[PDB]
Amino acid sequence: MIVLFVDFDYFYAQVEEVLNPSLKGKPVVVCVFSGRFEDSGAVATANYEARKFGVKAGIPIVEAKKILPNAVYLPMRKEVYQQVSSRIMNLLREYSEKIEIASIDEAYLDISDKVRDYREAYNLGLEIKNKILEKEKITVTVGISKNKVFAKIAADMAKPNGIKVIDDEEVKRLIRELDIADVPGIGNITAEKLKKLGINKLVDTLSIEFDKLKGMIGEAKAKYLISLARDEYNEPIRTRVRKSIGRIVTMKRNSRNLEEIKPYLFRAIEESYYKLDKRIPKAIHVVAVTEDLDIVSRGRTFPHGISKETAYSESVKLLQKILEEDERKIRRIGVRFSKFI
DNA sequence: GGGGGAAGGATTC
DNA sequence: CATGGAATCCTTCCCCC
Ligand SMILES: Nc1ncnc2c1ncn2[C@H]1C[C@H](O)[C@@H](COP(=O)(O)OP(=O)(O)OP(=O)(O)O)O1
Ligand SMILES: [Ca+2]
Ligand SMILES: [Ca+2]
Ligand SMILES: [Ca+2]
């Protein structure tokens with residue numbers, strides 16, 4: 001069982017440099033401007049030139065400018081990044097039939113066939129990196145190991161523009177030395193929760209009573225970490241199918257007014273429907289981000305597909321139910337369509 | 001005593 | 001001051017063998 005994981009370096013920013021090579025070498029910051037005021041919004045991502053000064057994904061654009069006022073600030077162009085990503089995902093398909101497109105810039109390849117050991121694997125990794133750089137001029141990081149989790153962890157250790165193999169002898173020691181927070185799927189909340197239980201390394205999950213563990217992080221997460229520490233994790237690489245499509249936008253001012261929110265809601269619906277492109281949803285959810293950043297949603301499942309007209313009608317009703325409950329002002333609003341026919 | 005949906009929410013990348 | 005898209009996994013009904 002040999003897994004090769006490919007992760008594109010500072011993707012959005014790298015794409016912008018590809019589209020304008022003169023940016024190469026300068027700090028580049030891809031932003032999502034919300035139009036609330038001059039420079040309101042957040043950083044989608046940034047290149048390493050900017051990253052070394054503390055400018056990274058998630059920080060307010062405003063804070064990024066205080067740190068690097070002379071960096072290059074570019075608005076996010078999602079559409080473009082997706083097409084570039086697709087072309088790269090297609091190249092990857094030429095190296096294995098078993099492929100899992102995990103996100104817009106990640107992919108796992110099951111190369112248990114194409115190769116018979118970590119040597120051929122490491123070389124197949126360079127063949128792949130070299131090929132992507134050559135055809136799309138995009139540097140990526142490769143991680144190779146016994147499974148998806150460790151192949152991804154391996155990539156995390158080598159980025160940017162790297163390649164690393166985590167062999168069967170190195171996995172065993174990581175299960176003992178690796179900070180459990182660096183484990184994929186363990187975010188700040190799960191991490192700052194395993195500590196209260198006394199779990200700082202994967203190995204620690206083996207000396208605690210399952211039932212206690214389950215009650216703290218849930219059954220799935222439980223069995224997940226246990227199977228990894230017990231070196232038994234082995235999820236198959238499989239192509240995921242889009243199960244939902246949607247869009248959430250930011251309003252200029254926080255509001256509780258229906259007619260003030262509608263415009264944003266309808267715009268989210270129009271964009272979502274465009275993206276559906278022939279797919280017909282039976283379920284619709286209206287999502288609202290309140291002023292204190294809490295996420296509230298209301299949805300309905302119909303016994304048939306939802307026409308754009310029905311979506312408009314149903315969304316307002318759902319938006320009203322949200323306002324009837326939480327009396328908090330709404331900051332962001334949008335919709336999500338799922339349960340395709 | 002449990003299957004199978006459906007909802008509202010939680011957490012991650 | 002802090003955007004945005006989508007998957008998985010909870011917890012709680014709910015209807016009803
Ligand atoms: N907080 C975010 N907001 C909006 N878009 C994001 C955010 N984080 C990541 N993305 C999008 C754009 C990133 O270029 C893309 C890939 O992220 P990754 O997590 O792949 O970061 P990079 O941006 O790839 O950094 P790196 O080289 O460390 O992997 O996903
Ligand atoms: Ca990634
Ligand atoms: Ca990446
Ligand atoms: Ca983490």
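The figures here come from the full heavy-atom set of this structure, side chains too, leaving out hydrogens, waters and symmetry mates. Chain letters run A, B, ... following the sequence lines, proteins first, then strands; residues in each count from 1.
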Counting side-chain heavy atoms from C-beta on, which of [options] comes nearest to [X]?
{"X": "A:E219", "options": "C:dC10, C:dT8, B:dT11", "value": "C:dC10"}
{"X": "A:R331", "options": "B:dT12, C:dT3, C:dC1", "value": "C:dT3"}
{"X": "A:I189", "options": "C:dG4, B:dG9, B:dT11", "value": "B:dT11"}
{"X": "A:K193", "options": "C:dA6, B:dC13, B:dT11", "value": "B:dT11"}
{"X": "A:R247", "options": "C:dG5, C:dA2, B:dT11", "value": "C:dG5"}
{"X": "A:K275", "options": "B:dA6, C:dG5, B:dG8", "value": "C:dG5"}
{"X": "A:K339", "options": "C:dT8, C:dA6, B:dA6", "value": "B:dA6"}
{"X": "A:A220", "options": "C:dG4, C:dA2, C:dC9", "value": "C:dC9"}
{"X": "A:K243", "options": "C:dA7, C:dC1, C:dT3", "value": "C:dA7"}
{"X": "A:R242", "options": "B:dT11, C:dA6, C:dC1", "value": "C:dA6"}

State whether [X] places a side-chain N or O below 4.0 Å from either non-bridging phosphate oxygen (OP1 or OP2) of [N].
{"X": "A:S103", "N": "C:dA6", "answer": "no"}
{"X": "A:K321", "N": "B:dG8", "answer": "yes"}
{"X": "A:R332", "N": "C:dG4", "answer": "yes"}
{"X": "A:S297", "N": "B:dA7", "answer": "no"}

P atoms of C:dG4 and B:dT11, separation to the nearest Å | 22 Å
So A:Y12 and A:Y81, would you call those rings parallel, tilted or perpendicular, with 30° and 60° as cut-offs?
-> parallel
Mind checking if [X] touches a base, just sugar-phosphate, or nothing, with heavy atoms under 4.0 Å?
{"X": "A:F37", "answer": "sugar-phosphate"}
{"X": "A:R298", "answer": "sugar-phosphate"}
{"X": "A:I245", "answer": "sugar-phosphate"}
{"X": "A:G41", "answer": "sugar-phosphate"}
{"X": "A:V249", "answer": "sugar-phosphate"}
{"X": "A:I248", "answer": "sugar-phosphate"}
{"X": "A:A44", "answer": "nothing"}
{"X": "A:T301", "answer": "sugar-phosphate"}
{"X": "A:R238", "answer": "sugar-phosphate"}

Take A:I306 and A:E314 through the side chain to side chain contact (heavy atoms under 4.5 Å, CB included) test and state the conclusion after the steps.
-> CA-CA 9 Å; A:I306 304 175; A:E314 195 66 9; 5.9 Å; no
Salt bridge A:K223-A:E232, side-chain N to carboxylate O under 4.0 Å | no
Is the closest basic N to carboxylate O distance between A:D326 and A:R328 below 4.0 Å?
-> yes
[X] [atom1] - [N] [atom2] separation (whole Å):
{"X": "A:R36", "N": "C:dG4", "atom1": "CZ", "atom2": "P", "result": "10 Å"}
{"X": "A:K223", "N": "C:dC10", "atom1": "NZ", "atom2": "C1'", "result": "14 Å"}
{"X": "A:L318", "N": "B:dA7", "atom1": "CG", "atom2": "P", "result": "9 Å"}
{"X": "A:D294", "N": "C:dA2", "atom1": "CG", "atom2": "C1'", "result": "15 Å"}
{"X": "A:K214", "N": "C:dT11", "atom1": "NZ", "atom2": "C1'", "result": "14 Å"}
{"X": "A:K221", "N": "B:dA10", "atom1": "NZ", "atom2": "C1'", "result": "10 Å"}
{"X": "A:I61", "N": "C:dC1", "atom1": "CD1", "atom2": "P", "result": "13 Å"}
{"X": "A:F337", "N": "B:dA6", "atom1": "CZ", "atom2": "P", "result": "17 Å"}

Hunt down the Watson-Crick or G-U wobble partner of C:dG4, both distances under 3.5 Å, from any strand shown, or write none.
-> none
Which value, rounded to the nearest 0.5 Å, describes the distance between A:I330 atom CD1 and A:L258 atom CG?
-> 9.5 Å
Rounded to the nearest 0.5 angstrom, the CZ-CE distance for A:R36 and A:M251 is 7.0 Å
Flag this pair as yes if the NZ/CZ of A:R51 is under 6.0 angstrom from the six-membered ring centre of A:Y48 and inside a 45 degree cone about the axis; otherwise no.
-> yes
Please figure out whether A:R240 or A:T250 has its closest DNA chain C nucleotide nearer the 5' end.
-> A:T250
Comparing A:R336 with A:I217, nearest DNA chain C nucleotide closer to 5' gives the residue A:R336
Can you name the closest pair of heavy atoms from A:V115 and A:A121 and give their distance?
-> CG1-N, 3.4 Å
